[PDB]
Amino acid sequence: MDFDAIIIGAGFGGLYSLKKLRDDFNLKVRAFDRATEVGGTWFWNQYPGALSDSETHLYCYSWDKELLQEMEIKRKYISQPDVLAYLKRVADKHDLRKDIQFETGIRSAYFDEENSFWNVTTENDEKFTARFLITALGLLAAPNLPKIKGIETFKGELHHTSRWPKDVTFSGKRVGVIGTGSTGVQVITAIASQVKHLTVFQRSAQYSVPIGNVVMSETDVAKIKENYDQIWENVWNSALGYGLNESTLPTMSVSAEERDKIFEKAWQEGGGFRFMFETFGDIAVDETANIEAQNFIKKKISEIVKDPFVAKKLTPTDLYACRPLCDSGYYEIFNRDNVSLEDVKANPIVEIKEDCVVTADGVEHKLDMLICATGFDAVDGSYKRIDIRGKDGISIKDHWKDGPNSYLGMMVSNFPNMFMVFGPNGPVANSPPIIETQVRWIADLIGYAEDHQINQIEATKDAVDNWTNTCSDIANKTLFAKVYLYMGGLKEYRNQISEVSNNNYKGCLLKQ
């Protein structure tokens, strides 16, 4: 054994995995990332307007009290360069880089049934052994590059938001953006005013609410820092972990005039999760409540966008409101004389030539730059791109050929000593609280094993099948996926995994 534990990922999930196992448990551990710096997705995604979905004071670690007091809280939400600097500062303080090997992908990890440890091989064919594998792998980008005929003949700049280069300049250029998910909304709002002309190619109009990202006064920051203990106590006690007053008020239980008042209030403060969960308690459950949320945003769209035909094209049709987008002036962009909206569901892209994008009606859209706002992959994907083989050498690709499944979102049957952080079938909540929860739980279980010299931990097939049903029970009660995620929220997730730890890890296969 080279190591007690090998960590893959130096993002949020891997940086804390490392800190927890090396320093609070005195294990020998080494971590690996392909990146040249810590930060994970905040290192790779440097596109214009990249901004957190959670507010600054909560998109961070809770476990280091003196870091909370030290933290710079510039704006209500935190931009990508600032998150990256924060993660780097976490590394400086807790001396984590000496145990991270950068520029090092992992090609494969094979479980050794004979000695109960993992054989892990880099892409440069270096081989390390470790009792425990910790996978903190995040989500890769969704669509590689758009499967469009002739895209490779394009002779202008072709930029993917997940490999955004440095020194992109926009002035004097005709620019095109494929994609209008969260990443596309941020790019487009960021660059519309910098280009000579912007063409947006929207496949599918989405609902978006104001983010309301404002500067924080020194007294604003003091309010938070003086009460940080209560703030975090409210995170652990909530469903989402976003600092919201999570409503229980049914949408249809009030007058139209009161209902308009409550949505307006969330709209003025900003934030997608606020609009969806702080206004009423059933927007994501009741079809009739959801339509009320839909119409409020549709009306706002039609009041902000002055040209009714452009506004009509922006209006989501039939689509229900699920998974919340926010923006810093998105719908306003479309009143600008230098912006055009192309509905590419009505008028698909058929071809890309050397100087242009051409749609089904024959029109050539001439472009100097084409931006592919990639989105994000189901993941699953990040795991299916490492050769992971457990017992009798089944690959993870085979074991999940028909969808991912796990125990509590962290352990996979047939894959012992492997613990996933922020993996499939996990909760839907603010990420750092989820990551912290899972890392402390994993670390506690590895300590139990250390004290009781057990060297093979594994989830049964039945713990995993019970977990798959717990998720489908909760999920088939929601408008979402109308599954593969636990949606009882953060507090109920922490119960689930407390019961297991308090019942000598019922469902697990402690061995030796």
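When you see a residue number, it is the position in the sequence shown, counting from 1.
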TODO: Between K461 and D462, determine how many residues of the deposited chain lack coordinates; answer none if the chain runs continuously, otherwise 1 to 3, 4 to 9, or 10 or more.
DONE: none
- [ ] For the higher mean C-alpha B factor in the entry, choose 159-167 or 193-201.
- [x] 159-167
Task: Average Cα temperature factor in the PDB entry - higher stretch of 280-288, 361-369 - done: 280-288
TODO: Choose from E342, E233, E303, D380 the residue with the greatest Cα B-factor as stated in the PDB record.
DONE: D380
- [ ] Check the PDB entry and point out which of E269, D337, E246, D387 has the largest C-alpha temperature factor.
- [x] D387
TODO: Would you check the entry's CA temperature factor for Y47 and let me know if it's in the chain's lowest, middle or highest third?
DONE: lowest
- [ ] Ordered by C-alpha B-factor within the chain, which third holds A5? Give me lowest, middle or highest, please.
- [x] middle
TODO: Could you say whether, by C-alpha temperature factor, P210 belongs to the lowest, middle or highest third of its chain?
DONE: lowest
Open item on the list: Going by the CA temperature factor in the PDB record, which third of the chain does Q453 belong to: lowest, middle or highest?
Closed with: highest
Open item on the list: Ranking every modelled residue in this chain by its Cα temperature factor as given in the entry, which third contains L15?
Closed with: lowest
